[PDB]
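These protein sequence lines map, in sequence, to chains Y, D, S, U, L, W, Z, C, P and R. Its first residue numbered 456, the first sequence is counted upward by one per residue in full-length UniProt numbering. Its first residue numbered 148, the second sequence is counted upward by one per residue in full-length UniProt numbering. Its first residue numbered 355, the third sequence is counted upward by one per residue in full-length UniProt numbering. Its first residue numbered 13, the fourth sequence is counted upward by one per residue in full-length UniProt numbering. Its first residue numbered 1, the fifth sequence is counted upward by one per residue in full-length UniProt numbering. Its first residue numbered 491, the sixth sequence is counted upward by one per residue in full-length UniProt numbering. Its first residue numbered 1, the seventh sequence is counted upward by one per residue in full-length UniProt numbering. Its first residue numbered 637, the eighth sequence is counted upward by one per residue in full-length UniProt numbering. Its first residue numbered 1, the ninth sequence is counted upward by one per residue in full-length UniProt numbering. Its first residue numbered 7, the tenth sequence is counted upward by one per residue in full-length UniProt numbering.
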Amino acid sequence: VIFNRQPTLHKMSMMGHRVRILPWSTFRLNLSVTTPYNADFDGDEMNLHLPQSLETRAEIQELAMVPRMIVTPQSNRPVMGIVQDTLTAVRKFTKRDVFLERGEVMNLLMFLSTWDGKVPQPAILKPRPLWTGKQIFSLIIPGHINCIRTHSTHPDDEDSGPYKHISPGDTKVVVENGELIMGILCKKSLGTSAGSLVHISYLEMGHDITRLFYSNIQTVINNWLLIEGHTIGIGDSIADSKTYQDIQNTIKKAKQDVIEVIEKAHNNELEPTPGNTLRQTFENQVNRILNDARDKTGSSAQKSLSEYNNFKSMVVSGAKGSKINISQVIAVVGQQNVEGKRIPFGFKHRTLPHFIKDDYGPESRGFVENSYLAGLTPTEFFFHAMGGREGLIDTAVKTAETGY
Amino acid sequence: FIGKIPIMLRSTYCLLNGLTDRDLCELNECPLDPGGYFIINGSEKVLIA
Amino acid sequence: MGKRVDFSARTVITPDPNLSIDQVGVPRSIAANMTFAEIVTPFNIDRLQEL
Amino acid sequence: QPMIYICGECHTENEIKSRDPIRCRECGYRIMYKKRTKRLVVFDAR
Amino acid sequence: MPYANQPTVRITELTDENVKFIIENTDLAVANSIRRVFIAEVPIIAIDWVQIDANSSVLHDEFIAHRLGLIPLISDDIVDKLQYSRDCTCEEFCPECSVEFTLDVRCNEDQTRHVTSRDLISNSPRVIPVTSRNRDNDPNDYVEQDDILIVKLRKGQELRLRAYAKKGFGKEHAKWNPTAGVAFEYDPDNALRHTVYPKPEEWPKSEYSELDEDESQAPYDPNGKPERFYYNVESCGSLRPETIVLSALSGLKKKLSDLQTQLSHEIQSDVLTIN
Amino acid sequence: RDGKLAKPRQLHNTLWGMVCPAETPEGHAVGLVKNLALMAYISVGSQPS
Amino acid sequence: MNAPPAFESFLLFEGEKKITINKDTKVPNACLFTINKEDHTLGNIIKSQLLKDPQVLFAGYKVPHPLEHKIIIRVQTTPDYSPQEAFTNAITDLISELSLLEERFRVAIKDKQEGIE
Amino acid sequence: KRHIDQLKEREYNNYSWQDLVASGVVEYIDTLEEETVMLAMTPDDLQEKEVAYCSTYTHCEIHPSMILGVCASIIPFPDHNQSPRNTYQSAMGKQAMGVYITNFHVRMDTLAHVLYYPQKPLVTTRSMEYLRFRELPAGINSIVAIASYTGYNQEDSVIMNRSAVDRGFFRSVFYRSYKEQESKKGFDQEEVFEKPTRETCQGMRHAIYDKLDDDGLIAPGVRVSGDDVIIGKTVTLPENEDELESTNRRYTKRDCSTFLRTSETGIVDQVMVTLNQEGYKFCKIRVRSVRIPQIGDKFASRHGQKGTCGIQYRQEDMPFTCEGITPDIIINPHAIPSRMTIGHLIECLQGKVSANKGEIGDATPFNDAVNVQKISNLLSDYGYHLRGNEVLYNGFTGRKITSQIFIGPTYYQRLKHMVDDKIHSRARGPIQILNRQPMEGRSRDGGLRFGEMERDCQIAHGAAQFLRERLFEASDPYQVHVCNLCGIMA
Amino acid sequence: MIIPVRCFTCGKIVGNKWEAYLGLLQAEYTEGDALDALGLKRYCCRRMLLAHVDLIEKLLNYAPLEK
Amino acid sequence: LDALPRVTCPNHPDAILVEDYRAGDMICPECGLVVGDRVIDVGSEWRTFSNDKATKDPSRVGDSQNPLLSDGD
RNA sequence: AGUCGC
Ligand SMILES: [Mg+2]
Ligand SMILES: [Mg+2]
Ligand SMILES: [Zn+2]
Ligand SMILES: [Zn+2]
Ligand SMILES: [Zn+2]
Ligand SMILES: [Zn+2]
Ligand SMILES: [Zn+2]
């Protein structure tokens, strides 16, 4: 049948599927096609059409069927790659420290599909049998699919460290003859990125075996996940006394420096930058200070995260959310702004009646000091809602215009 | 007699305005119902500011 | 250019990892209500006769 | 014979099983809730 | 066979309410599956058919049926004498496969009446009543033992119904849970490192971790395996805790022996042609 | 209604303790349908005399 | 509505049989057992009893789909010993361990306790 | 504070908020005037001040969390949430079901959903007291784990403890009221409530008229379903105008009786007969139906996390802890970080401490309580991991899960929108006569629109036969004769 | 509404502890201690009894328990 | 074919003709039958307002004006 | 119409 959704933004939004009958009352979908439909399961409806002849059934099977909608011509990279929870579980699984006993390997082997039936020799024979994570993954990778590079997560170094002779810093993802040689897999390898592993399966071995490869990978990794687990709790949102003092102290340095710029402006000691007015210069300068403050403190928070942390594992895998979210949760929410600029003087020369007239200082006009964990003060709270509204309105307005 | 005007529920012109918790439970009306809205042909019709 | 169609269905969707990528699980009520028109051959005649 | 109709408040049987007006006798109300069937209906506890 | 363990048992502590014990020299899967049996596979008696004659209460009919469906039944008397509805030859229900209850109450007094399981009565002999003082003017009295509260009533309301309880087990509906709670724990010093503590000092030691009695916290042992499983089966009272465990072991034996017989039937009846 | 981006949709500064900051629909009518604050009250009107 | 009757979770269907055995052709000497209307309670235990056996090369089970009561067991043994016999023996062995566990438990309850019944 | 002692005294005295206004200690301020006041946030700040900021204040806030509107006050720690997250909750909270007024058993509302066992939230905001929300709760305190467990719960769905839904978790009763009038209506045509018969009426859909009582309408307690005709109305119509023995049968009157097309199962709750404002014999009949939480029903925590129930597992397979307190919902950990709804997490930890202490918890947004570290500290005194996690065992193979899962109470809502109402399929239905194309809504059992945009997509597919099938042969196919000599159809 | 028989989460019977509970609050207000005396150790059983609202007492006051 | 305001069962003279409204077909009780030109009742059919607006009625291509009082509206 | 769903 062909199954689809509205709005049908592009050809990948409507594709052929085989029915598989189950109990209860909803359409079940293989989690990995969630992205080309852009669905969730937060409550989304989908519609199914059943063709009515052999000519149209042939035309769908041959043209529109999902293993054939994989690499999109929209931008010659895959439309779908490993998503969500499985993707974090694949990161966690390929790390070099993962080891499995004869029982766990046999259980995972049992869930695979094309498994030849020959248990590979464990990477550690003595003192006890142990299989490594990468190794079990190599049973999933088709006939001889072979990538390179695609290490490019936060890890390793921003290009010069690895040339310092290659000391197995473990990030680089090397595969050969369809066998994973080293390095953690992630959004950069498995994602819908042009250079990805899923791209090489399709391009190399043909569409069908790639289709079974998506099925095969998601299933094996999810079972391992079942013994491993994954979570998030306030434990992920907490750093230490030293990070937190340094965060406050760094905000204290930034705020005092703004007061210095205000004093320079009131003293009329300041001069305009070329091509701009004095307010624009003052505003350009305070904005440069509050962003730079924000990024320095965010980079501090990134530095403090322990490696065990669940929160850091979702961003680094490339499952959900970004580095900036960790900043806001741990260190500081940062500047609020409407139409680009800082919160306008909606009152006579003020933002809220709680402030004094003419208070360009960072708090009365926008910038929130606290983190989502510490909570926002009342004013901080309301200014945040102004910044959140821009995001709600823009979604509705943009949706209509692109539609047209 | 010139006409019939709708009464807003539980205002001083409703029958409900003076009664305690006991009379309202007796009359079959929930004491916790906020009132303030018209009843028109069996429909609750609320005006919008 | 766009009209209502027959042989069509709609429900809420939920995830199923045990599912192949090009399969879709479908409720019994929709499977029994929806129909496909098969044509009878001299060999599958016996199976259709069963149905 | 739907000759029941529990009343608005007096709860006495209306007794009407015909075309006459549904005014409960003795009791002024004319809202008449309808009495249960003698029919047996089972509920599994599940 | 020359590799089967010796699975030993030890009872720590026992009450009429719970039974707490330790199993040693066994596999985790055994320890595990036995746990899944205490929940799902111990059969029991609970209301399954409710027929309502009258309901004038301030509550809808299915709601009364539901709450009643959860009322615990003293199956201390062997449920084994009493069959399943499907295997029993009779049409519908019967005295040999079912237990009959009647509830008939009305509030005539100018005082709010409470309807409680003591008002529900066994037509069946007193070997399967509700859990309310049918066996205990317990010198350890709690001036209540009202068992449960089906509904509340004011003057002029009535409730008349009949109900037929059946044997069934936890795999089919939660009313047939024999368990109130079922604790399970093993390797409480995390020696095997089956879970990994980040900052291992923040965790509190369990009631069995008192081995090192030392704050040294979780010594490692790489050659280890799982041993010594700790249990705490707690009964809702619908069945004696000791009896729940013993019936569970038997049900699992009956279930396994049946799979073996079915498998035997695979080569005995219609001989296998695997070779 | 239906095709017009505007600033009377965005929460305005003066809505502090007057109209709930975050209680307006998520559809096309976003921000146009607002919801009164908890402490907010509304003047009933009186003669200036 | 589309929800099965809950008893259909464990009662065998009149046109079905409890276990089914099919050979695997990918490798020599191996088998695939289908257990219908069973769950992890059974599937997981039989896996562990087989892995205890040193003649067994491979043993594993998988429940093909959660909504669907059925498990499959793959077992592979040495050419010198049929895989079917290991399975039958593994159950009997398991039956024996549970029987000894039941006797020791009743006896342990029989130990100087009171209110045992 | 002496004014406060009179306010305590109000419990037996005439002193009131109006007296408080009469002391002149509070004032009313409109938005135009609020521009010119210098307004302190809280007594604390107005006190410490010396050279801290200014000293010219003229008003002060009676409490800053008052800036929230009615629905936003239900949501606890709203300030630890990302701002639009709060807006989605204000919509959904308004969307949940529960008990909506107490006298609801005698109200004939067109459509209602009532929950079985609503609970007041363990974590609360002080404003919620003024909403009588303690009297009419909207949901239930779940034990929740944020884990991935079986991957069924990815992308905003949830794993649920099926035994918990069985022991009666989130069950609801649903009511629909069907209403019908006996209009005298026409000139000579006339309506009657009565049981129709295939001997003497026109209409007679194959649906069963046998459940109708001799009065013309069904009776309470009888089980009804998808094709049952609940009220028997008839319309005597032809009078006899077709001169002369247009008798045969079924000629006296047409059928138009009212029947189930929305409540495809249930019981008759009530049948109520009266006469309406026009003076016609009038009827309302109510059907109660019970919805069990099932795969497809939609739920949400109070911090705008909606998600569908993706599967349900037995209480055997849920993961379990120590005592074996298995979680009722597992919400997927990938949901939190990108939405930043950190407040949901504080609520578990606040919730765990309140339930465990036995005291209901405060979560009113703006206070000096520094509430994250101090809640964590209480929890450690009780004996859990000081920051909430627990060691949960794998429910299947009984093994221990390698890491810890975050678990504790949270108020959850079962929302109005439930799978059993939306599901739909068509396989040749009724046809509308302006277009001879299929119906539009389910109210007329219609098909779905293969829109301008879906069409465009098939072109890009180059599946032309299927495009031709759907925009033609599957909905509205017609044969016309045209003249060859001139292109006109006539 | 009324108290749900048997706590949702784990299964322990609980309706039986409601009437005893209201008597405790009239006595010892220590809600923790009152819950403790009833034997509801584990907190899911405790939230069960702790969070419930006994709506039936309001419902009983409508005149017609007859309809 | 003028002779059937509703009789049209080719094999045997009709007894009654039942309306399977949801499937949109006209069925003949004692054989199979499908004599269709389906119209559940054109008054139900105009109700093609739903998700579209309704109580100003853009779909109102037809006022009623209560003719059964007058001689003809 | 409006409410509302994504
Ligand atoms: Mg998405
Ligand atoms: Mg979505
Ligand atoms: Zn009367
Ligand atoms: Zn019998
Ligand atoms: Zn012509
Ligand atoms: Zn509990
Ligand atoms: Zn015929």
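Idealized CB from N, CA, C, for every residue including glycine.
Can you tell me which of R:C37, R:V41 and R:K62 puts its alpha carbon nearest to the alpha carbon of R12 of chain R? Nearest Cα to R12 of chain R within the set R:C37, R:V41 and R:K62: R:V41.
Exposed or buried, what is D400 of chain S when buried is set at 16 or more other beta-carbons lying within 10 Å of its beta-carbon? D400 of chain S should be labelled exposed.
Does the Cβ-Cβ distance between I73 of chain Z and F33 of chain Z come in under 8 angstroms? Yes, Cβ-Cβ distance for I73 of chain Z and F33 of chain Z is below 8 angstroms.
Please classify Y752 of chain C: does DSSP put it in a helix, a strand, or coil? If DSSP states are grouped into helix, strand and coil, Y752 of chain C belongs with coil.
Where the beta strand (DSSP E) through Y164 of chain L begins and ends: In this chain, the beta strand (DSSP E) harbouring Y164 of chain L covers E158 to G168.
Does any heavy atom of ligand 6 sit closer than 7 angstroms to the C-beta of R803 of chain C? For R803 of chain C, the shortest C-beta to heavy atom distance toward ligand 6 is 7 angstroms or greater.
Using a cut-off of 8 angstroms between C-beta atoms, extract the partners of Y724 of chain C located in chain W. Within chain W, the residues near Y724 of chain C are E516.
Opposing strand residues paired with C892 of chain C [DSSP bridges]: Bridge pairing for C892 of chain C: absent [DSSP].
By a C-beta neighbour count over all protein chains shown, 10 Å radius and 16 as the cutoff for buried, is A1126 of chain C buried or exposed? Under the 10 Å beta carbon count, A1126 of chain C is surrounded by fewer than 16 other beta carbons and is classified as exposed.
Opposite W49 of chain L in the DSSP bridges: which residues? Partner(s): U:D56 and L:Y164.
What is the residue span of the beta strand (DSSP E) that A936 of chain C lies within? From DSSP, the beta strand (DSSP E) with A936 of chain C extends over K934 to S937.
Would a check of beta-carbon distances place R499 of chain W closer than 8 angstroms to chain Y? Taking Cβ atoms only, chain Y reaches closer than 8 angstroms to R499 of chain W, which makes this a yes.
Residues, ordered as in the chain, of the region 188-217 of chain L that lie near chain Y by beta-carbon distance below 7 angstroms: Listed in sequence order: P198.
So, is the C-beta of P856 of chain C closer than 8 angstroms to a C-beta in chain R? No, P856 of chain C does not count as interfacial toward chain R.
With a Cβ-Cβ cutoff of 8 angstroms, do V865 of chain C and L848 of chain C count as a contact? Between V865 of chain C and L848 of chain C, the C-beta gap is smaller than 8 angstroms, which places the two residues in contact.
Could you tell me the boundaries of the beta strand (DSSP E) in which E826 of chain C lies? Judged by DSSP secondary structure, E826 of chain C falls within the beta strand (DSSP E) whose first and last residues are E826 to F829.
Verify the CB distance criterion: does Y763 of chain Y have a CB-CB separation below 8 angstroms to chain L? With respect to chain L, the C-beta atom of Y763 of chain Y has a partner C-beta closer than 8 angstroms.
Whole angstroms is fine: what's the gap from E158 of chain L's alpha carbon to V79 of chain L's? The straight-line gap from Cα to Cα measures roughly 33 angstroms.
I'd like the span of the alpha helix (DSSP H) that includes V770 of chain Y, first residue to last. Membership of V770 of chain Y in the alpha helix (DSSP H) is indicated by the continuous run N765 to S772.
In chain U, which residues lie less than 8 angstroms from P64 of chain P when you measure between Cβ atoms? Those within 8 angstroms of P64 of chain P in chain U are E21 and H23.
Neighbour-count burial assignment, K644 of chain C, 16 or more Cβ in a 10 Å radius: By the beta-carbon neighbour count (other beta carbons within 10 angstroms, threshold 16), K644 of chain C is exposed.
DSSP state of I152 of chain D mapped onto helix, strand, coil: Residue state, collapsed to three classes: coil.
Taking 7 angstroms as the cut-off, does the CB of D495 of chain Y come closer than this to any heavy atom belonging to ligand 2? Within the cutoff, so yes.
N-terminal and C-terminal residue of the beta strand (DSSP E) that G181 of chain L is part of: Element bounds for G181 of chain L: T179 to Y186.
Other residues of its chain near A51 of chain P: CB distance less than 7 angstroms, five sequence neighbours each side excluded: Around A51 of chain P: no qualifying Cβ.
Which residues of chain Y have a Cβ atom closer than 7 angstroms to the Cβ of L495 of chain W, listed in chain order? Result: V852.
Using alpha carbons as the reference points, say which of Z:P54, Z:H69, Z:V75 and Z:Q55 lies closest to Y61 of chain Z. Per the Cα distances, Z:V75.
Comparing the C-beta of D32 of chain U with each C-beta of chain L, is any distance below 8 angstroms? Closer than 8 angstroms to the CB of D32 of chain U there is not a single CB belonging to chain L.
Decide if the region 830-844 of chain C is in contact with the region 885-892 of chain C; the criterion is three or more beta carbon pairs, one per stretch, under 8 angstroms apart. At 8 angstroms Cβ cutoff, the stretches touch.
Using a cut-off of 7 angstroms between C-beta atoms, extract the partners of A363 of chain S located in chain C. Near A363 of chain S (Cβ distances below 7 angstroms), the residues of chain C are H1060 and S1061.
Residues bridged to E816 of chain C [DSSP beta-bridge criterion]: For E816 of chain C, the pairing in a beta bridge is given by DSSP as C:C919.
Please report whether the beta-carbon of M702 of chain C lies at a distance below 8 angstroms from any beta-carbon of chain W. Taking Cβ atoms only, chain W reaches closer than 8 angstroms to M702 of chain C, which makes this a yes.
Whose C-alpha, out of C:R1035, C:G1031 and C:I1041, is nearest the C-alpha of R1023 of chain C? Of C:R1035, C:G1031 and C:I1041, the residue nearest in Cα terms is C:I1041.
Check distances from the C-beta atoms of the region 69-82 of chain Z to those of chain S and list, in chain order, the residues that come in under 7 angstroms. Shown here is that no member of the region 69-82 of chain Z has a Cβ falling below 7 angstroms from a Cβ of chain S.
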